[PDB]
Amino acid sequence: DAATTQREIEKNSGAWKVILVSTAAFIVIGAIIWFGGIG
Amino acid sequence: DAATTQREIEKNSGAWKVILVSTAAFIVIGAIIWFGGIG
Amino acid sequence: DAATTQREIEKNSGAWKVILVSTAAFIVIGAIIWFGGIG
Amino acid sequence: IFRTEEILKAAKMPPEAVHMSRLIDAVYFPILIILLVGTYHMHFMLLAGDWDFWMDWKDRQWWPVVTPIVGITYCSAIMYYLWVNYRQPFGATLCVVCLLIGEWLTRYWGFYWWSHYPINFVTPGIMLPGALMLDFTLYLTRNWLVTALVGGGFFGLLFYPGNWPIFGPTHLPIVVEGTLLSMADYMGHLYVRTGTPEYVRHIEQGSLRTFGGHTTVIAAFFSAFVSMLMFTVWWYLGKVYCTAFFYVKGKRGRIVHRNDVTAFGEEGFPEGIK
Amino acid sequence: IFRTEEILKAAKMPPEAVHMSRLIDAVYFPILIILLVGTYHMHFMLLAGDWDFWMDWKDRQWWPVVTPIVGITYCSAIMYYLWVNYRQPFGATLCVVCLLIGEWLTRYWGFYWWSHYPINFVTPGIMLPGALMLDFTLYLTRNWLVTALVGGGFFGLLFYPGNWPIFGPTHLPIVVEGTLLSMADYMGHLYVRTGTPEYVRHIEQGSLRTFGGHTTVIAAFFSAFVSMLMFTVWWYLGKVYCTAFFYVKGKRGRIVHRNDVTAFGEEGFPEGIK
Amino acid sequence: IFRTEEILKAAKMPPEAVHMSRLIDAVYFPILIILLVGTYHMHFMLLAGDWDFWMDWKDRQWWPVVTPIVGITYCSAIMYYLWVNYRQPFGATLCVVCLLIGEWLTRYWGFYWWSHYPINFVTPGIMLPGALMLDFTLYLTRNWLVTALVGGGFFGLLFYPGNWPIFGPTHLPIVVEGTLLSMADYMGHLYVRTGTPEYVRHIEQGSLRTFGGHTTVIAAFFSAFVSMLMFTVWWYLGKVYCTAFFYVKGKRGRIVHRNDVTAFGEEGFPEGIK
Amino acid sequence: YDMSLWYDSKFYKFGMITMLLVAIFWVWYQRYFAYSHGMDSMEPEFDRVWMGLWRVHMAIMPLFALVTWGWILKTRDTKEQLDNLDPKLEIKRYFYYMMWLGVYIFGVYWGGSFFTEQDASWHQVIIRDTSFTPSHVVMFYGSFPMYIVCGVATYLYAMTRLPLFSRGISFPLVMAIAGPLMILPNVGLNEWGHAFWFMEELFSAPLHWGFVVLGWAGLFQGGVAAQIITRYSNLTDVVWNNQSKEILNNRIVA
Amino acid sequence: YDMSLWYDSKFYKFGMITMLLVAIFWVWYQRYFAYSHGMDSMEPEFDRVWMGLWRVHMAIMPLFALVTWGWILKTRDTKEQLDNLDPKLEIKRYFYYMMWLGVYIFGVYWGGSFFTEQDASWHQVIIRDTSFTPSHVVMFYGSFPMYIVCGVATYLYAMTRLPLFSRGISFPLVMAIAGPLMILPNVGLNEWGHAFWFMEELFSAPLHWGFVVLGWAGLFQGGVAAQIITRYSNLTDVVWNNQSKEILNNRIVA
Amino acid sequence: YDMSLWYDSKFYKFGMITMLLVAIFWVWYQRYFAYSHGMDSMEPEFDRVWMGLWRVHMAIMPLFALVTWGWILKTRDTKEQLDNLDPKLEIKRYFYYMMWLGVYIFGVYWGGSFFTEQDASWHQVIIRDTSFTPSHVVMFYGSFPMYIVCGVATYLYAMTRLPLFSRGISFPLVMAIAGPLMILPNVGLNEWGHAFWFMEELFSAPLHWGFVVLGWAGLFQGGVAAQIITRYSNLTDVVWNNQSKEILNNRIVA
Ligand SMILES: [Cu+2]
Ligand SMILES: [Cu+2]
Ligand SMILES: [Cu+2]
């Protein structure tokens, strides 16, 4: 159909950014934890 | 039917007496045993 | 049929000789082993 | 105030049928309660009753491990029965309540009023918060595997913190003849047990591989882990316990398994009732 | 004088078929006897043969408990086979008779005529009254669960009284070097066993929790109780031992279990024979 | 050069389907390799890894018995999977190769480059000839019971002769402080193991019932015998591991096991493709 | 509507009160004769009191079994009467069967729960466990056979008055009863373990684990109740919803 | 022909390289902080380094689970879209499901094989096993939850994007994932055995046999792959052999 | 009527007498060479006598297996001859199969019963068990392989001359033979237990319990005889009751 090509072209670009905003954060949130000595 | 009402009216009065002649005896047979020291 | 009577008359005489040539040999091969001390 | 009239209308029960159903409930439910009391009490006392009886057996290694593993067994099976057959979420709580009723009856009449032991020395005590949380997990998740995991974790973890208010004060130190004891230990020595000497206590003893500050915590997790297994196993045992068939026979004398089926549960039976 | 002609007429067997059936019986029954001798003898000797071999191993704790539990196993399975397949009640008696035949053959040829031990020192002895009573219970009750209960009780209880006439005289006291011994003990010491020293005897030793006057009685009941279980278990094992199917295959190469059925046992086959 | 075009023509695969199948193989086979590495490595190290780690644990009693029994388990199941599903005879060899790859990776990175132990002290070593001969037996016989017998015998027997070239030179005698040691023993003492003292070695110790000249030989046969059992058992476990069904539900909410079937494997499907 | 046509509870109440009174009498006997005549097993007074009670149990319980089982088997329903059974009478008979189950379960509660922790309680005021200790007499020789009789009687009634139970064999019910039944022969294991090297100090000892495995059979109440509820639903459909009687005779045929 | 319509591997490659880099970072952290700050568990530097890494794991891994599971469950296919799914897209989605399985199995390899013999290696250079030893932090608190997230995510994707997995419950897949999943709670058994009389000296000790029994569930890959291959053959028949689509919807119905 | 058309017993009698004579010869050899040359395992006469007998067994028994199995497999019936088999000849062949079973069971009796208590008898006149003790040679290396050959030969004959056995795989027969067959490899367990810490003093020791578990497979004679009796009844119906032959070829098809 078309909604297939489009719903799936939207989850390619959607999935490749929940990957790149989690890569960055998870490395920044764990340093803030490592370098801050929380606990 | 009728034999149902009667066969079952006969086991009500029949069962309530095998209960009252066993209550009495079992208490009299076990005393005769308790107070007689049989054995 | 006939091949039944004959295939089976041939395995009677065939089986009674693989019995009598193994009886003899097995007793001769194990003596040659017993009396020769092979090993 | 719940939705009972809708349930009764969906079941297509005339008022006499509703009254007959109410009588069935009022007859069967006490029977199930008494059976749970008896059988669960026997199972618990003959698998974990020794730590249950005495105050000085409640330790950091064996009591909080043995008790939940033994307790989860009947709870899982009764929860399976109730949930699968009638969609009732109060299985584990009912099991533990029955166990505690039986335990209190025997402690008051057997240990105290016959054997002259004090009541405070024989507090069992409770295992109820874990059963309640397991029931809540089963109701909220509706999945018995997620229930196995989370509820078994809860059951194995909440045992010691839930019993600490009862047996925490019994750990206050006392000095007798220049020797340090826990108050539970001195209570155990004070009240003579002719059949139970000291050396039979299966309690912690310390080890060179042991972290004394973490003992209970480790015992809190191990007892949890096995619980997650035990639940699952006994859940399948529930399917064994609900096996209801008859050995019917005919002709050659052959025996066949036969199942009696509910007519109301068939495809078109409810529509043809009217 | 029994009802054999009626049975043969109900089976619809021509005289040549009757003769062929008689030949089948005369060929197969000795084969079953020899198989029972061999396998039952191996099982009994490798599970309970040590108490069986020697007079001084026949004690009040282990012999009358181990022997019936080991003996009931083959008896239950063979009784299942015979009763279920052919309605023959002589299973346990046949098993014990085969075991005793094998035992006597080996004791005479192995222990006595080769190892120079006296025959009286190696009496096994009997386990036959319990098997006979079990067979009678199975025939009279026709129910295998009531048979399990009552016959297992009989099998576990009658072992010691049935063997007492054989080994009772061996318990007469003797005094050797100022030490009291049972005559079985002195027989064991007299005839040297290079491979069997004294300390390997798994016999009673007494305990501070033991009532010496009741020992055998307790051993008579425990051995009974387990028997009631063992029978039942091995009865189900009989159903495993009668599993008779073929792995047939076709086309994709798929293997399916296939059962060969008796045509005479079908619904209308006997009526169409004529 | 084998017969691949005939196989592809019999499967009725268009060229795009052939390319898609090749991509499936190239994706799935490394996944299976990595899974075998991980799981088989965990199983082997946590059942028989202690004799695997150190040179002085490789003895005549426990190493050549424990190692093949542990190793045959995954091999039998993976061979079942491959042979039954795809007619592929390289199961056991693949398992042992994956185990050795994982072992070498961990020994180089964990034991040597992190814990500073020498590489020669942590040779595992090989278990490959037995797996190869088991694969050859399975391919040549095509029967999994004859394969069980012969291949389990080979697997249990060829372990020690196949490892002797690696650990034979380590048995040369040395004299330290007037005491005789094997060179493996002195290597074990030389390189300190803070967590592994001497007394934890489960190695031969000699016995008064022991024939020192036959020890390994006996260990070569026992390990074989159990292997013949283990294979068989795990072969059935393979059928458990290939169980592929779905819990489907409908209407009353009833759950039924459902199997997805291959359409190409039906009776007339291949003929109707054209 | 008429309650009495499908419900009656006099026998259930009588059995419940009688069992409670018997248990109370056992408790009073234990509290009156244990410390004064039950401490030493070799004293003549120990015989006269506790072995006398044991003999009373050994003579009364077989009489109880005989009377109950004979009455149940004697007033039996023929196959003709079980084929044209009035479904209202069938509802009443299923209520009776549930009440028999309740009496049996009350006996199991008395045997396995109350008179068992009371035994552990006795095991700690005595040097060592005997065989006819005050506790044993009341349960091992009293409570144990008591529930067993009720169990048999329960099944008996069902497979005599309930056509379904007279037709097929209620698998769950079998185990539900056989369990506590087989618990009594486990006293042999208990004694053999206590007297020999299976140790005696713990009450939760491995030799006491035969009782738990045999009492796990009491959890087949799930299958028992499933059968009861299925039959109750079928009877409700037949009697009140004017449905065909064929649902009562269709699924338990050969 | 067009490869891209039924095959894509970017996500698989990214996950593989990311997992490899995470494992390499764990190895470097162990080799840099174990001998200098991991020898004594009571030192403040031990806290600041290894318990800091433990806290980082405890804060990141739940975030990983939340993000992955929420994204998978949020971009879900409705029952309408899963009923008229393009079979070429179904082939692509099955490739994606196999790649999710591959990532999960790579995590299992890192947890159970590499970072386990590295632990035995650590068990011999230390006096006794602790609880947050350098090794533990990287695997027990790092590798273990890591593969578990991937496992759930794998199943999640399948039962969200694969109609068959959204229809029936892939029995083999369940066990394949539940196994290594249940391996993490077995750390409780490990610690309880080490700290008490189950001994600690051997690495192949009976308390370490919970992991092997739980990882035997990873052998249900046979059933998983059987389902995958059956569906792949059906899709090949439908797409390229011009066969009827009814073979895709016939055998997994009620 | 004609007995010879469906019954013959010459081979059975010959095998029985030959096995009995072989056992008698083994007994005579044991009684003549055990006390004088079997006491010490390091003496040259021990070699020349008992290891010579062991070598004779090791050379003769494989020859026995080869000859018997090759003759059975060489004079095989083709699928054509097994499809139009004369049912009287089928009765005769089933009698032959029962006789092969009888020879196999006689071998099992010699191995497991007679030459086993004779071994316990030898275990008490010697210091400790060896490996080629007089007893072992006759059974472990003689009686054991002997019955195994007969077992294979029995099945061989059946699945070569009996169409049913050539069609499907007689599950019970498989176990009935495999059991005593697998008993011979259990000699490895026996030796390993004797030589190491599994103790040797008792004959009813746990290491001797492999033989009982493997010989429990000999109880599948129930299934074997069930198959034999079912086929015998079908043949009786076909031959003498003039019933259709279709009952012989209906139930063991794909
Ligand atoms: Cu007691
Ligand atoms: Cu560790
Ligand atoms: Cu021997």
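- Listed as the method for this PDB entry is cryo-EM; the listed resolution is 2.77 Å.

### Description of the coordination of the copper ion (ligand 2)
All names here are of chain H.
Then step 1. Around the copper ion (ligand 2), the protein supplies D119 (OD) and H123 (NE2) as donor atoms, at distances of 2.1 to 2.6 Å. Of this pair, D119 and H123 both sit in helix α4 (residues 87-123), separated by 4 residues, roughly a single helical turn.
Then step 2. Note on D119: relative accessible area 5%, which makes it buried.
Then step 3. Of the residues examined, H123 reaches a relative accessible area of 13% and is grouped as buried.

### Quick word on the UniProt feature "binding site: Cu(+)" in chain D
Then step 1. If you check UniProt for "binding site: Cu(+)", the listed places come out as D:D185, D:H189 and D:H202 in our numbering.
Then step 2. Here D:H189 lies in helix α8 (residues 183-190).
Then step 3. The class for D:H189 is exposed, based on a relative accessible area of 64%.
Then step 4. Excluding anything up to four places from it in sequence, D:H202 contacts D:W51, D:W57, D:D59, D:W62 and G:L202.

### With respect to the packing of helix α2 (residues 20-36) of chain C against helix α2 (residues 44-74) of chain I
Then step 1. Running from amino to carboxyl end, α2(C) crosses α2(I) at an angle of 150°, the nearest separation of the two axes being 9 Å. By the angle between their directions, the pair α2(C) and α2(I) is classed as roughly antiparallel. In the crossing of α2(C) with α2(I), the sense of the turn from one axis to the other is right-handed. Residues C:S22, C:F26, C:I29, C:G30, C:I33 and C:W34 of α2(C) touch α2(I), and the partners they reach there are I:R48, I:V49, I:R55, I:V56, I:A59, I:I60, I:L63, I:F64 and I:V67.
Then step 2. For the contact of α2(C) with α2(I), the class distribution of residues is 11 nonpolar, 2 polar and 2 charged.

### What to know about the pairing of strand β1 (residues 173-176) of chain E
Regular strands have side chains that alternate between both faces of the sheet.
Residue and element names in this part refer to chain E.
Then step 1. Examined bridge by bridge, β1 and strand β2 (residues 179-182) share 4 bridges and lie antiparallel to one another. What sits directly across from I174, in β2, is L181.
Then step 2. In sequence, β1 turns back onto β2 through a hairpin of 2 residues, with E177 there showing a positive phi of about 55°.

### Some thoughts on the UniProt feature "transmembrane region" (unreviewed entry) in chain G
Residues and elements named next belong to chain G.
Then step 1. Using the residue numbers shown here, the UniProt feature "transmembrane region" (unreviewed entry) corresponds to residues 11-29, 49-73, 94-112, 138-157, 169-187 and 207-226.
Then step 2. Each end of residues 94-112 is marked by a C-alpha atom, and these two atoms are 26 Å apart; helix forms 100% of the span and strand 0%.
Then step 3. In this annotation, residues 169-187 is assigned 79% helix and 0% strand; the end-to-end C-alpha distance for the span is 28 Å.

### A few points about helix α1 (residues 10-37) of chain I
Then step 1. Compared with the 40 Å implied by 1.5 Å per residue over 28 residues, the 39 Å span of α1(I) between its first and last C-alpha is a close match.
Then step 2. When the local axis directions of α1(I) are compared, the greatest deviation, roughly 25°, occurs at I:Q30.

### Re the nonpolar core
Then step 1. Membership of the largest hydrophobic core comes to 333 residues, with the highest contact counts inside it found for H:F95, H:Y97, I:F95 and I:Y97.
Then step 2. If we skip the residues at most four places from it in the chain, H:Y97 touches H:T154, H:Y157, H:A158, H:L162, H:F165, H:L173, H:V224 and H:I228.
Then step 3. Grouped together as the second largest cluster of nonpolar side chains are 166 residues, D:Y40, D:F269, E:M228 and G:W192 included.

### Here we look at the packing of aromatic side chains
Then step 1. Taken as a whole, this structure holds 220 aromatic pairs over all chains when the rule is applied.
Then step 2. Between the aromatic rings of D:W63 and D:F167, the centroid separation amounts to 5.4 Å while the plane-to-plane angle is 90°, which identifies the pairing as edge-to-face. Pair noted here: D:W63 is in helix α3 (residues 63-86) and D:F167 is in helix α7 (residues 159-167), with a separation of 104 residues, a long-range link.
Then step 3. Residue class for D:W63 comes out buried when judged on its relative accessible area of 3%.
Then step 4. An angle of 45° between the planes, with centres 5.6 Å apart, marks the rings of D:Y108 and D:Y112 as tilted. Residue D:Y108 and its partner D:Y112 are located together in helix α4 (residues 91-112), separated by 4 residues, close to a single helical turn.
Then step 5. With relative accessibility at 39%, the residue D:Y108 sits in the partly exposed group.
Then step 6. Taking relative accessible area as the criterion, D:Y112 reaches 35% and is therefore assigned partly exposed.
Then step 7. Ring pairs connect the aromatic residues D:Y40, D:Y74, D:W234, D:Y241, D:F245, D:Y247, G:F171, G:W216 and G:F220, which therefore count as one cluster.
Then step 8. Taking NZ or CZ as reference, E:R107 lies 5.6 Å from the ring centre of E:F111, over its face.
Then step 9. Lying over the aromatic face of E:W54, E:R193 brings its terminal NZ or CZ to 4.7 Å of the ring centre.

So, how was this worked out
- Residues numbered from 1 in each chain as written, not as in the entry; some residues may be left out.
- Chains lettered and ligands numbered in written order.
- Part of a larger assembly, values for the part shown.
- Heavy atoms only, no water.
- Donors = N, O, S within 2.8 Å, 3.2 Å for Na, K, Ca; no water.
- Helix = DSSP H or I, 4+ residues; strand = E, 2+ residues; numbered from the N terminus.
- Buried < 20%, exposed > 50% of the residue type's maximum accessible area, 1.4 Å probe, protein only.
- UniProt positions renumbered as here; feature names shortened; annotations may be inferred.
- Contact = heavy atoms within 4.5 Å.
- Axes fitted to C-alpha atoms, helices over the stretch in contact; angles between N-to-C directions.
- Parallel < 35°, antiparallel > 145°, perpendicular 65-115°, else oblique.
- Left-handed = near helix turned anticlockwise from the far one by under 90°.
- Nonpolar A, V, L, I, M, F, W, Y, C, P; charged D, E, K, R; others polar.
- Pairing = 2+ DSSP bridges.
- Expected span 1.5 Å × (residues − 1).
- Bend = angle between axes of the 7 residues up to and from the residue.
- Core = buried A, V, L, I, M, F, W, Y, C linked by side-chain atoms within 4.5 Å.
- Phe/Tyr/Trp six-rings, centres within 6.5 Å; stacked < 30°, edge-to-face > 60°.
- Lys NZ or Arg CZ within 6 Å of the ring centre and 35° of its normal.

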